[PDB]
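Asks: Sending over a structure as structure tokens; questions will come in a sec.
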Amino acid sequence: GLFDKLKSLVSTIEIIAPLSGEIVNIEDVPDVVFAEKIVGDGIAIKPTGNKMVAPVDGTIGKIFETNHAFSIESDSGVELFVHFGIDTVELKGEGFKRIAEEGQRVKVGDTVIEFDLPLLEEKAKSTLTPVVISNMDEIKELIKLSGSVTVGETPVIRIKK
Amino acid sequence: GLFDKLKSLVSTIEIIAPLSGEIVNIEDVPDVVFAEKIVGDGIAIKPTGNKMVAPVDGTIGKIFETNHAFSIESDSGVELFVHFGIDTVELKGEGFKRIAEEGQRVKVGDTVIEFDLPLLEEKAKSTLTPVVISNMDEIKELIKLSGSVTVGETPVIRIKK
Amino acid sequence: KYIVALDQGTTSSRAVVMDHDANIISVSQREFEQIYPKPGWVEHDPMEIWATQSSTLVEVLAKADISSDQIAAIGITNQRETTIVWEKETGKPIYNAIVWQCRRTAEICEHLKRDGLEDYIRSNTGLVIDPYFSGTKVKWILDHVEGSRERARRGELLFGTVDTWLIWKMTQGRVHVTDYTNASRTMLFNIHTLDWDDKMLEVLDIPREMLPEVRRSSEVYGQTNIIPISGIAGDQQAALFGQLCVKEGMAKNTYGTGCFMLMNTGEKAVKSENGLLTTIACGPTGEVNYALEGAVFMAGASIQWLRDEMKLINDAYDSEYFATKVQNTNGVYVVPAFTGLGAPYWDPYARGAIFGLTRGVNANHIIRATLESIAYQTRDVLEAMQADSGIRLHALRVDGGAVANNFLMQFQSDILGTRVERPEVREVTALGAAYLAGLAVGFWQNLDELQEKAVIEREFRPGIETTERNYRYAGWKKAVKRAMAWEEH
Amino acid sequence: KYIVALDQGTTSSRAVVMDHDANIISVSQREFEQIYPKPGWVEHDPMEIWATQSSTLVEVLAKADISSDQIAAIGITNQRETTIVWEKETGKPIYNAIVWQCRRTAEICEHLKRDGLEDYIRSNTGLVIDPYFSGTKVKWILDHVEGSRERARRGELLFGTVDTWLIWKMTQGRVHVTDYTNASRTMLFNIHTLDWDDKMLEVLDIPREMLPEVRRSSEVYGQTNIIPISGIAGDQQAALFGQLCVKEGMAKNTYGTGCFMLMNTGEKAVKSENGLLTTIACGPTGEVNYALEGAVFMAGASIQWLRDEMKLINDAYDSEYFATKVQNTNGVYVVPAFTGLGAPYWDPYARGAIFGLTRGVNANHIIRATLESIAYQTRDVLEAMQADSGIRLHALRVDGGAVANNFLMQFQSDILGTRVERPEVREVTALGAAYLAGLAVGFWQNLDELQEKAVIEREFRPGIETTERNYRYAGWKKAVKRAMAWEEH
Ligand SMILES: Nc1ncnc2c1ncn2[C@@H]1O[C@H](COP(=O)(O)OP(=O)(O)O)[C@@H](O)[C@H]1O
Ligand SMILES: Nc1ncnc2c1ncn2[C@@H]1O[C@H](COP(=O)(O)OP(=O)(O)O)[C@@H](O)[C@H]1O
Ligand SMILES: O=C[C@@H](O)COP(=O)(O)O
Ligand SMILES: O=C[C@@H](O)COP(=O)(O)O
Ligand SMILES: [Mn+2]
Ligand SMILES: [Mn+2]
């Protein structure tokens with residue numbers, strides 16, 4: 001009743017959708033640090049269901065105690081930050097499940113966290129899940145893709161340097 | 001306009017009125033530690049005005065920080081405790097003025113504290129001013145006088161041993 | 001010939017050896033680790049209780065030069081409420097022990113409340129909806145383990161309390177029993193019927209299969225290999241007993257990890273109307289008696305907090321010394337609701353709080369305050385007691401670890417305006433269990449054989465400071481009211 | 001050739017020597033005793049301010065090998081609000097200095113309120129009814145000394161502020177003047193009229209006789225014997241100036257004994273509607289400018305409390321270290337209202353309080369919390385600022401003692417979600433006074449001569465933890481609300 005056990009279809013910097021749904025303008029996020037690109041830059045995603053995964057091969061860095069967000073450095077020298085939803089730290093980690101661990105090397109696609117889209121749907125302040133590159137300056141160019149994305153499949157961003 | 005400067009008329013254990021007014025039954029005090037003679041025994045006095053004084057020659061022992069009460073040991077080995085009014089510690093020392101100091105030797109009569117009978121009259125929970133012998137057991141007999149008393153003049157109690 | 005007692009406390013596990021004369025021969029203490037998985041949570045390692053206890057035992061026998069041959073019986077006292085579950089086959093916990101303090105099953109109570117069992121619960125358990133007792137603890141455990149309930153109906157899963165667990169580990173699995181005192185603490189037991197409540201067992205989805213057998217606080221339950229284990233009682237109740245609680249109107253206060261004031265109600269289960277629990281104790285031969293209890297979660301532990309985390313002191317003992325260097329708390333108050341407010345507040349949401357600080361308050365004001373909290377709380381529980389029972393205490397009998405603190409003791413006295421009596425032997429909780437065991441073995445025959453080892457060491461009488469007491473309390477009251485309801489839900 | 005600055009702080013007195021290049025040549029610091037007669041009270045010994053200052057001076061000159069010959073001028077900065085009264089003849093205080101923190105004249109304000117001067121007071125002083133400022137302090141002093149008012153009308157009695165007092169002690173009694181910045185702090189001065197308020201002077205029974213002469217923050221007031229003293233400004237305002245506040249919309253935050261956020265409003269005195277004070281600062285040549293100020297009573301002092309009373313640390317510096325050992329406060333909060341809540345709360349009744357404790361909170365959680373309080377409060381004041389002014393800061397310029405704490409700084413940044421800029425020279429408050437003096441002496445001519453010594457040492461940018469910030473603040477808010485109104489009246 002779950003495909004985890006089965007084989008899946010398998011096909012400059014490309015950041016891969018770490019979770020699924022429709023891409024949204026960072027500027028769209030109802031939080032300034034996001035919208036004014038204080039924490040950095042990138043896109044946001046209105047989620048479809050079940051899980052967040054590594055968007056680059058690399059090593060997981062932080063995993064928030066309430067595990068609704070995590071960080072990770074790419075083997076290519078990029079810091080990404082994924083933050084499920086808005087103010088989600090208040091949920092107090094409910095709706096979340098930590099699959100990975102704070103220091104792992106990961107391939108694109110490995111499960112990082114799992115979650116409950118519907119509790120989060122009615123409990124959370126917002127569901128948008130910004131994905132940002134933190135080391136803004138260390139990067140040359142930042143290209144933002146659109147529409148639908150599929151976890152660990154569609155790319156959300158292309159980046160130079 | 002005050003006689004402090006002038007000469008006054010001057011006349012087993014006798015405890016002398018340390019403050020003035022009418023003597024009252026300890027049992028009359030609206031506080032159990034008093035009435036059930038837990039802190040000790042003696043009389044109480046509904047006050048007339050202006051000041052509390054040593055009731056025995058001896059040395060002042062405690063002088064409460066909010067100075068509405070004090071203690072004192074007699075040259076004859078008696079501990080007396082004088083406590084102006086009821087719950088007076090709440091007044092927070094307002095209405096009071098410390099004349100003496102925490103370790104003085106005193107004769108009967110010396111001013112120990114001074115006070116404002118009327119603020120205390122409407123501010124205090126009660127005005128009764130128990131006077132008790134604390135070292136109950138170290139004493140043989142306890143005789144309780146009556147009626148009006150005059151500070152540093154009329155005796156309130158006679159005590160054996 | 002002598003009896004042996006086991007006192008498995010919240011803080012540590014102990015072992016005492018007494019002679020017929022009831023003399024404390026030798027003791028063995030061994031502290032054990034408290035664990036805090038999260039905020040209001042407290043846990044202990046079942047195997048560590050276990051370990052620490054076993055060891056403590058030996059070590060004592062050994063200390064005194066005693067052989068299995070010479071020990072008449074074994075008495076058992078433990079910490080209340082604290083819950084355990086273990087695989088039958090294995091002799092292995094399926095999770096750490098949830099502590100009496102442990103605030104985790106708070107929400108569950110919130111249901112229970114929401115449903116309307118408050119009235120029921122009170123009425124038959126004599127208890128109150130609170131994460132304090134055993135029910136919810138068990139439920140939470142099964143609700144958080146996959147193969148649980150089921151595994152338990154098939155009956156692969158044992159439920160227990162420090163006594164239930166301490167026993168079964170010694171009777172190699174042979175004996176699964178708890179006493180009356182113990183059981184009343186659980187929330188699953190009916191005090192009138194003297195048995196498992198079904199409506200409880202339902203509501204909370206617990207399967208009888210796990211509940212152990214319930215029995216007199218004196219009776220040989222079985223034999224072990226140091227032999228017969230004849231006594232079991234909740235610590236608080238054992239102390240009651242050892243102070244010779246035993247008669248209607250009689251009361252003690254115990255100052256240990258927490259604080260517990262109990263008053264014997266003979267055969268009458270008095271309904272509390274002032275936030276006190278109605279519960280079980282022993283009658284003079286170990287028989288079911290009733291009682292009023294006031295439970296205070298934090299007392300001696302505050303001291304341990306200044307001791308081990310805050311690190312202000314090196315020994316609890318040093319607290320008398322520093323606290324005295326100050327005369328006044330300087331206006332500071334310490335609401336030690338580190339794990340909620342128990343009696344009579346019962347707010348599993350209050351959390352610790354210190355109040356009324358200014359630039360010149362120092363270490364010593366704070367220590368002193370922590371000590372003082374202990375007296376305030378006692379006072380709080382005391383008043384309830386008096387109301388509930390309609391009887392006015394003229395003295396307070398006490399016992400426990402903290403009772404060594406003249407400062408605290410005296411301060412207790414003043415703030416109370418009551419005499420405080422301090423027994424010559426602090427180890428009363430233990431004595432209870434012994435008595436409970438030797439009586440049950442004809443080691444003693446009669447409590448009267450003993451109306452003499454309860455010599456009083458000291459009386460604490462109110463001082464002239466007793467006069468301020470109402471002023472001081474009021475602030476205390478004021479403080480408390482602000483510690484309440486910190487945590488959210 | 002160089003200028004010399006005097007910074008007479010709440011905590012300590014200092015002395016700086018700068019060259020034309022504005023280089024910090026040498027410094028002299030010397031802490032002095034804070035005294036706490038009672039609860040919410042704070043005092044200092046006028047002669048000790050005095051002493052400590054004088055000494056600090058010398059010691060510096062000496063340190064650098066400088067002669068009266070080579071010093072162009074003297075700049076003076078001091079702590080605000082803190083009030084003094086002294087016999088004219090003698091040069092002797094008729095009482096210790098009441099401190100800005102000092103909550104004693106609380107009731108008086110309660111009158112003032114009761115009367116209805118709130119509106120008046122705000123409107124002309126730009127201030128708020130609070131024991132914080134100078135009026136009530138003076139009144140209380142005369143009301144508590146027998147031969148007072150009268151002695152003062154006859155004019156035997158001088159009123160003053162650290163500057164007024166620091167000056168007169170150096171100009172052997174010749175000069176009795178204060179500056180504009182200083183005076184606005186007093187409650188007795190009219191900000192529009194730029195002069196003593198009569199209705200104030202009445203209401204509070206103060207006699208003009210004592211008030212000193214009031215003057216530009218740059219002007220040679222007179223000469224002394226280390227020579228001309230050309231600058232005077234309130235510390236907060238001097239820092240504003242030294243950060244090159246000076247232009248509309250410009251703002252700094254100072255982290256010292258307390259915390260003060262000021263924003264230059266040019267020539268417009270903006271009325272606060274969010275618990276901020278409206279006040280005076282300097283324009284680019286020392287001219288009267290207006291400003292919005294947010295005052296926070298406790299910041300660096302909390303640290304000193306952990307340092308000197310609670311004794312958790314040996315140096316303030318060590319706080320970064322311990323605080324970091326923890327990651328989270330573990331749920332603990334520290335409302336450091338040791339002397340009330342200033343902006344924007346203004347509750348002279350709140351008192352310190354620590355919250356949300358549980359068994360496993362330790363020393364380090366507490367330290368960290370104390371640090372964190374500093375950021376919360378800044379945030380509190382910041383928001384008001386933004387509302388009041390309608391302008392949104394993109395960065396925060398800062399200075400002060402605490403600014404050395406990367407932890408605090410960063411944490412400030414995150415909790416703010418704003419860049420934090422840390423100037424290369426922490427001693428900004430001093431620089432102000434110098435500038436204020438050398439400009440006034442042609443030692444500099446122009447502020448632009450200086451747009452370069454304000455090199456930024458470091459930027460603190462929000463980290464991903466900045467995301468939690470709203471969660472964390474909320475609790476903070478919740479805590480605060482429970483520290484408020486502790487003391488009674
Ligand atoms: N002088 C003292 N003052 C305060 N507390 C003390 C003192 N001496 C020991 N303790 C405290 O007494 C308690 C011991 O209580 P006790 O009856 O042994 O512990 P338990 O909860 O394990 O049954 C501890 O909480 C300890 O920290
Ligand atoms: N690393 C640090 N962390 C926190 N506080 C610090 C640190 N170093 C020094 N201090 C604090 O900084 C403050 C000094 O502020 P400053 O601007 O000198 O003092 P003042 O109020 O006298 O003007 C003190 O309150 C001190 O306790
Ligand atoms: O409520 C359970 C009590 O019995 C705690 O007892 P204790 O202080 O000995 O650990
Ligand atoms: O409100 C008076 C302030 O100027 C306090 O300044 P300070 O921190 O330098 O002592
Ligand atoms: Mn015990
Ligand atoms: Mn300063």
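Residues are referred to by chain and number: the chain letter is A, B, ... according to the order shown in the structure tokens, the number counts from 1 in that chain, and ligands are numbered separately from 1 in the order shown.
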Residues of chain A within 8 Å of chain D, using only C-alpha atoms, as a ChimeraX atom specification?

Replies: /A:33,38-39,81,87,89-90

Asks: Contacts of residue 114 (chain A) at 12 Å or less, counting only C-alpha atoms, minus same-chain residues fewer than 4 places along, as a ChimeraX atom specification?

Replies: /A:18-19,49-54,67-70,84,93-100,110,120

Asks: Using N, CA and C atoms, can you export the residues from the last selection as a PDB file, in the first residue's frame?

Replies:
```
ATOM      1  N   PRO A  18      12.049  19.326  -2.715  1.00  0.00           N
ATOM      2  CA  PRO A  18      12.272  18.588  -1.483  1.00  0.00           C
ATOM      3  C   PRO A  18      10.972  18.139  -0.855  1.00  0.00           C
ATOM      4  N   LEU A  19       9.932  18.690  -1.364  1.00  0.00           N
ATOM      5  CA  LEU A  19       8.605  18.366  -0.931  1.00  0.00           C
ATOM      6  C   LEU A  19       7.724  18.644  -2.170  1.00  0.00           C
ATOM      7  N   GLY A  49       1.449  16.514  -0.066  1.00  0.00           N
ATOM      8  CA  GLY A  49       1.369  15.556   1.015  1.00  0.00           C
ATOM      9  C   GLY A  49       2.670  14.859   1.456  1.00  0.00           C
ATOM     10  N   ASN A  50       2.516  14.123   2.579  1.00  0.00           N
ATOM     11  CA  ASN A  50       3.419  13.144   3.180  1.00  0.00           C
ATOM     12  C   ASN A  50       4.920  13.386   3.451  1.00  0.00           C
ATOM     13  N   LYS A  51       5.741  14.083   2.630  1.00  0.00           N
ATOM     14  CA  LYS A  51       7.136  14.049   3.089  1.00  0.00           C
ATOM     15  C   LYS A  51       8.135  15.028   2.529  1.00  0.00           C
ATOM     16  N   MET A  52       9.140  15.377   3.347  1.00  0.00           N
ATOM     17  CA  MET A  52      10.184  16.287   2.898  1.00  0.00           C
ATOM     18  C   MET A  52      11.442  15.498   2.775  1.00  0.00           C
ATOM     19  N   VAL A  53      12.174  15.786   1.687  1.00  0.00           N
ATOM     20  CA  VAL A  53      13.424  15.100   1.342  1.00  0.00           C
ATOM     21  C   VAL A  53      14.560  15.997   0.873  1.00  0.00           C
ATOM     22  N   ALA A  54      15.783  15.482   1.018  1.00  0.00           N
ATOM     23  CA  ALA A  54      16.989  16.200   0.570  1.00  0.00           C
ATOM     24  C   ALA A  54      16.836  16.687  -0.851  1.00  0.00           C
ATOM     25  N   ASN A  67      11.396  19.537  14.593  1.00  0.00           N
ATOM     26  CA  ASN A  67      11.603  18.970  13.255  1.00  0.00           C
ATOM     27  C   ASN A  67      10.528  19.227  12.199  1.00  0.00           C
ATOM     28  N   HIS A  68      10.513  20.469  11.718  1.00  0.00           N
ATOM     29  CA  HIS A  68       9.553  20.962  10.765  1.00  0.00           C
ATOM     30  C   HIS A  68      10.379  21.727   9.788  1.00  0.00           C
ATOM     31  N   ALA A  69      11.644  21.685  10.134  1.00  0.00           N
ATOM     32  CA  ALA A  69      12.573  22.339   9.289  1.00  0.00           C
ATOM     33  C   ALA A  69      13.947  21.856   9.561  1.00  0.00           C
ATOM     34  N   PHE A  70      14.765  21.956   8.538  1.00  0.00           N
ATOM     35  CA  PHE A  70      16.130  21.515   8.591  1.00  0.00           C
ATOM     36  C   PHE A  70      17.031  22.231   7.572  1.00  0.00           C
ATOM     37  N   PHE A  84       9.323  24.059   6.829  1.00  0.00           N
ATOM     38  CA  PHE A  84       7.991  23.695   6.592  1.00  0.00           C
ATOM     39  C   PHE A  84       7.111  24.666   7.177  1.00  0.00           C
ATOM     40  N   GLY A  93       6.288  20.441  17.130  1.00  0.00           N
ATOM     41  CA  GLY A  93       6.669  19.137  16.572  1.00  0.00           C
ATOM     42  C   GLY A  93       5.548  18.088  16.299  1.00  0.00           C
ATOM     43  N   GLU A  94       4.286  18.484  16.444  1.00  0.00           N
ATOM     44  CA  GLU A  94       3.159  17.639  16.173  1.00  0.00           C
ATOM     45  C   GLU A  94       2.744  17.696  14.686  1.00  0.00           C
ATOM     46  N   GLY A  95       2.876  16.578  14.026  1.00  0.00           N
ATOM     47  CA  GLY A  95       2.514  16.494  12.643  1.00  0.00           C
ATOM     48  C   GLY A  95       3.754  16.075  11.942  1.00  0.00           C
ATOM     49  N   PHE A  96       4.832  16.071  12.712  1.00  0.00           N
ATOM     50  CA  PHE A  96       6.148  15.767  12.220  1.00  0.00           C
ATOM     51  C   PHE A  96       6.769  14.488  12.766  1.00  0.00           C
ATOM     52  N   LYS A  97       7.699  13.963  11.982  1.00  0.00           N
ATOM     53  CA  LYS A  97       8.432  12.744  12.253  1.00  0.00           C
ATOM     54  C   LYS A  97       9.790  12.778  11.543  1.00  0.00           C
ATOM     55  N   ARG A  98      10.777  12.647  12.386  1.00  0.00           N
ATOM     56  CA  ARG A  98      12.138  12.743  11.952  1.00  0.00           C
ATOM     57  C   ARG A  98      12.613  11.456  11.414  1.00  0.00           C
ATOM     58  N   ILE A  99      12.884  11.461  10.175  1.00  0.00           N
ATOM     59  CA  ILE A  99      13.377  10.209   9.712  1.00  0.00           C
ATOM     60  C   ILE A  99      14.885  10.205   9.845  1.00  0.00           C
ATOM     61  N   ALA A 100      15.578  11.066   9.065  1.00  0.00           N
ATOM     62  CA  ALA A 100      17.045  11.267   9.132  1.00  0.00           C
ATOM     63  C   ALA A 100      17.569  11.819  10.500  1.00  0.00           C
ATOM     64  N   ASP A 110      16.592  11.257  -0.462  1.00  0.00           N
ATOM     65  CA  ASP A 110      16.401  10.541   0.817  1.00  0.00           C
ATOM     66  C   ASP A 110      15.402  11.162   1.813  1.00  0.00           C
ATOM     67  N   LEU A 120      -1.492  19.635  10.065  1.00  0.00           N
ATOM     68  CA  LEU A 120      -0.812  20.804   9.652  1.00  0.00           C
ATOM     69  C   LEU A 120      -1.753  21.638   8.808  1.00  0.00           C
TER      70      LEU A 120
END
```

Asks: Taking only C-alpha atoms and all ligand atoms and a cut-off of 7 Å, can you tell me which residues surround ligand 4, written as a list in words?

Replies: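 What falls inside 7 Å of ligand 4 is residues 9, 10, 11, 78, 79, 80, 81, 100, 234, 235, 236, 256, 257, 258, 259 and 295 of chain D.
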
Asks: Mind dumping the selected residues with C-alpha atoms as an mmCIF file, in the first residue's frame?

Replies:
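File produced: part00.cif:
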```cif
data_model
loop_
_atom_site.group_PDB
_atom_site.id
_atom_site.type_symbol
_atom_site.label_atom_id
_atom_site.label_comp_id
_atom_site.auth_asym_id
_atom_site.auth_seq_id
_atom_site.Cartn_x
_atom_site.Cartn_y
_atom_site.Cartn_z
ATOM 1 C CA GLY D 9 28.107 56.109 34.254
ATOM 2 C CA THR D 10 25.612 54.376 36.578
ATOM 3 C CA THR D 11 27.913 51.429 37.083
ATOM 4 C CA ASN D 78 26.743 61.588 32.723
ATOM 5 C CA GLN D 79 23.935 59.367 33.853
ATOM 6 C CA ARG D 80 20.516 60.877 33.397
ATOM 7 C CA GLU D 81 17.780 61.696 35.823
ATOM 8 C CA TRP D 100 17.381 57.052 37.950
ATOM 9 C CA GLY D 234 23.265 63.305 28.738
ATOM 10 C CA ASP D 235 25.025 59.987 28.109
ATOM 11 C CA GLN D 236 22.359 58.485 25.966
ATOM 12 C CA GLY D 256 25.095 49.456 29.189
ATOM 13 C CA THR D 257 23.827 49.379 32.714
ATOM 14 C CA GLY D 258 20.430 49.708 31.146
ATOM 15 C CA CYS D 259 19.368 49.995 27.614
ATOM 16 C CA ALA D 295 14.325 53.426 28.153
#
```

Asks: I'd like the contact shell of region 152-155 of chain A - 10 Å cut-off, only C-alpha atoms, skipping same-chain residues fewer than 6 positions apart - returned as a PDB file with N, CA and C atoms, in the first residue's frame.

Replies:
```pdb
ATOM      1  N   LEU A   9      11.166   5.220 -11.196  1.00  0.00           N
ATOM      2  CA  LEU A   9      11.665   5.735 -12.434  1.00  0.00           C
ATOM      3  C   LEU A   9      12.689   6.845 -12.111  1.00  0.00           C
ATOM      4  N   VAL A  10      13.821   6.780 -12.851  1.00  0.00           N
ATOM      5  CA  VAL A  10      14.939   7.683 -12.640  1.00  0.00           C
ATOM      6  C   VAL A  10      15.625   8.193 -13.917  1.00  0.00           C
ATOM      7  N   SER A  11      15.459   9.490 -14.188  1.00  0.00           N
ATOM      8  CA  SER A  11      15.971  10.177 -15.380  1.00  0.00           C
ATOM      9  C   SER A  11      17.329   9.669 -15.934  1.00  0.00           C
ATOM     10  N   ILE A  13      24.010  24.395 -10.947  1.00  0.00           N
ATOM     11  CA  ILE A  13      23.269  23.808  -9.850  1.00  0.00           C
ATOM     12  C   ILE A  13      21.769  23.818  -9.866  1.00  0.00           C
ATOM     13  N   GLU A  14      21.270  22.606  -9.610  1.00  0.00           N
ATOM     14  CA  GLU A  14      19.851  22.341  -9.614  1.00  0.00           C
ATOM     15  C   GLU A  14      19.401  21.843  -8.287  1.00  0.00           C
ATOM     16  N   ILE A  15      18.474  22.636  -7.783  1.00  0.00           N
ATOM     17  CA  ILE A  15      17.913  22.299  -6.558  1.00  0.00           C
ATOM     18  C   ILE A  15      16.599  21.679  -6.853  1.00  0.00           C
ATOM     19  N   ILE A  16      16.483  20.457  -6.323  1.00  0.00           N
ATOM     20  CA  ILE A  16      15.348  19.578  -6.546  1.00  0.00           C
ATOM     21  C   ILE A  16      14.267  19.723  -5.529  1.00  0.00           C
ATOM     22  N   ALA A  17      13.014  19.630  -6.002  1.00  0.00           N
ATOM     23  CA  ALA A  17      11.884  19.735  -5.090  1.00  0.00           C
ATOM     24  C   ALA A  17      12.036  18.771  -3.920  1.00  0.00           C
ATOM     25  N   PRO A  18      12.049  19.326  -2.715  1.00  0.00           N
ATOM     26  CA  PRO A  18      12.272  18.588  -1.483  1.00  0.00           C
ATOM     27  C   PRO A  18      10.972  18.139  -0.855  1.00  0.00           C
ATOM     28  N   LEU A  19       9.932  18.690  -1.364  1.00  0.00           N
ATOM     29  CA  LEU A  19       8.605  18.366  -0.931  1.00  0.00           C
ATOM     30  C   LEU A  19       7.724  18.644  -2.170  1.00  0.00           C
ATOM     31  N   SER A  20       6.420  18.371  -2.200  1.00  0.00           N
ATOM     32  CA  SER A  20       5.655  18.574  -3.456  1.00  0.00           C
ATOM     33  C   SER A  20       4.484  19.555  -3.452  1.00  0.00           C
ATOM     34  N   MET A  52       9.140  15.377   3.347  1.00  0.00           N
ATOM     35  CA  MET A  52      10.184  16.287   2.898  1.00  0.00           C
ATOM     36  C   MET A  52      11.442  15.498   2.775  1.00  0.00           C
ATOM     37  N   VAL A  53      12.174  15.786   1.687  1.00  0.00           N
ATOM     38  CA  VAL A  53      13.424  15.100   1.342  1.00  0.00           C
ATOM     39  C   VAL A  53      14.560  15.997   0.873  1.00  0.00           C
ATOM     40  N   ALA A  54      15.783  15.482   1.018  1.00  0.00           N
ATOM     41  CA  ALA A  54      16.989  16.200   0.570  1.00  0.00           C
ATOM     42  C   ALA A  54      16.836  16.687  -0.851  1.00  0.00           C
ATOM     43  N   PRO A  55      17.252  17.927  -1.124  1.00  0.00           N
ATOM     44  CA  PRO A  55      17.102  18.503  -2.437  1.00  0.00           C
ATOM     45  C   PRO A  55      18.385  18.599  -3.161  1.00  0.00           C
ATOM     46  N   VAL A  56      19.407  18.028  -2.525  1.00  0.00           N
ATOM     47  CA  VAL A  56      20.758  18.008  -3.072  1.00  0.00           C
ATOM     48  C   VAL A  56      21.575  16.905  -2.405  1.00  0.00           C
ATOM     49  N   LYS A 107      21.721  11.713  -0.495  1.00  0.00           N
ATOM     50  CA  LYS A 107      21.601  11.799  -1.919  1.00  0.00           C
ATOM     51  C   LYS A 107      20.341  12.608  -2.163  1.00  0.00           C
ATOM     52  N   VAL A 108      20.112  13.070  -3.363  1.00  0.00           N
ATOM     53  CA  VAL A 108      18.858  13.776  -3.561  1.00  0.00           C
ATOM     54  C   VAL A 108      17.738  12.801  -3.344  1.00  0.00           C
ATOM     55  N   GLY A 109      16.713  13.211  -2.689  1.00  0.00           N
ATOM     56  CA  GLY A 109      15.680  12.257  -2.560  1.00  0.00           C
ATOM     57  C   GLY A 109      15.510  11.550  -1.228  1.00  0.00           C
ATOM     58  N   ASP A 110      16.592  11.257  -0.462  1.00  0.00           N
ATOM     59  CA  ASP A 110      16.401  10.541   0.817  1.00  0.00           C
ATOM     60  C   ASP A 110      15.402  11.162   1.813  1.00  0.00           C
ATOM     61  N   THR A 111      14.615  10.352   2.497  1.00  0.00           N
ATOM     62  CA  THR A 111      13.640  11.014   3.333  1.00  0.00           C
ATOM     63  C   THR A 111      14.255  11.783   4.469  1.00  0.00           C
ATOM     64  N   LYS A 144      14.796  30.712 -10.843  1.00  0.00           N
ATOM     65  CA  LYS A 144      13.556  30.239 -10.233  1.00  0.00           C
ATOM     66  C   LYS A 144      12.553  29.633 -11.192  1.00  0.00           C
ATOM     67  N   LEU A 145      12.361  28.307 -11.056  1.00  0.00           N
ATOM     68  CA  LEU A 145      11.429  27.592 -11.911  1.00  0.00           C
ATOM     69  C   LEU A 145       9.999  27.780 -11.472  1.00  0.00           C
ATOM     70  N   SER A 146       9.053  27.206 -12.240  1.00  0.00           N
ATOM     71  CA  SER A 146       7.629  27.319 -11.871  1.00  0.00           C
ATOM     72  C   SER A 146       6.754  26.053 -12.001  1.00  0.00           C
TER      73      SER A 146
END
```

Asks: From a DSSP calculation on the backbone, collect every residue of region 228-403 of chain D in strand (DSSP E) and output the set as a ChimeraX atom specification.

Replies: /D:228-234,251-255,259-264,277-282,288-296,333-335,352-357,395-400

Asks: Using only C-alpha atoms, find the residues of chain D whose closest atom to chain C is at most 7 Å away, then write them as a list in words.

Replies: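 So the contacting residues turn out to be residues 36, 39, 40, 305, 309, 310, 338, 339, 351, 352, 353, 354, 355, 356, 357, 358, 359, 360, 361, 362, 363 and 482 of chain D.
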
Asks: Any chance you could list, as a PyMOL selection string, the residues in region 341-442 of chain C that come up alpha helix (DSSP H) when DSSP is run on the backbone?

Replies: chain C and resi 363-389+406-416+428-439

Asks: Would you kindly return, as number ranges by chain, each protein, DNA or RNA residue with an atom no farther than 9 Å from any atom of residue 78 (chain B), considering only C-alpha atoms and excluding same-chain residues fewer than 2 positions away?

Replies: B: 72-76, 80, 133-136, 138-139

Asks: Within 12 Å of residue 268 (chain D), counting only C-alpha atoms, which residues show up once you throw out same-chain ones fewer than 5 positions away? Write them as a list in words, please.

Replies: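 My reading of the contact set: residues 191, 192, 247, 248, 249, 263, 278, 279, 280, 281, 283, 288, 289, 290, 291, 292 and 389 of chain D.
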
Asks: Taking only C-alpha atoms and all ligand atoms into account, which residues have an atom no farther than 8 Å from ligand 2? I'd like them as a VMD selection string.

Replies: chain D and resid 7 to 13 79 235 254 to 258 299 to 304 307 315 to 320 371 399 to 406 408 426 to 427 429

Asks: For residue 74 (chain C), work out the shell of residues within 9 Å, counting only C-alpha atoms and skipping chain neighbours fewer than 2 positions away, then give it as a list in words.

Replies: residues 3, 4, 5, 6, 71, 72, 76, 227, 228, 229, 230, 231, 433, 434, 437 and 438 of chain C
